[PDB]
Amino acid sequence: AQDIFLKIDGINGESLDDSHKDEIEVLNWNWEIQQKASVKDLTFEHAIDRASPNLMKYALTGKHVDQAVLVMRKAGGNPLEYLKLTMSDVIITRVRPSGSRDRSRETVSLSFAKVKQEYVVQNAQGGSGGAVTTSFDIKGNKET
């Protein structure tokens, strides 16, 4: 059971994690690019939490935020942050809260002008094996 965090400028979550205080604890996420290219929103799920009233507001106003950063960190003896997705000039495009007597979930989508992806390689001994980083100005349709 790995940890997934999302840090959205101006929209705090309620994580108690030492390295990700006040970020949003993410249950799951997905994203898509299709063939210039068609870049879909990134979508994530979290519990209804401290971020939710602000996520609602930004969805309605459409106001941009500077940056959102998504991180996946492996669980266990060697807890590496192995994937980091950095989104610049972000819009909250969709919010879908729900609740049940038997559970509170809220599904959120984000669009962004630029993106950067960093992946860290872990070796069998658990240390850093290398790293790959790429980035792209989607709005400007240019490599960065």
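Note that residue numbering follows the sequence shown and begins at 1.
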property	result
Absent coordinates between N30 and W31 - deposited residues affected, binned into four classes	none
Mean Cα B-factor comparison, 21-29 or 126-134, giving the higher one as deposited	126-134
Between the two ranges 77-85 and 64-72, the one averaging a larger CA B factor in the entry	77-85
Candidate set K40, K57, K116, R101 [ranked by C-alpha B-factor, highest]	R101
Candidate set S52, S111, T107, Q35 [ranked by C-alpha B-factor, highest]	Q35
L6 - Cα temperature factor, lowest/middle/highest third of chain	lowest
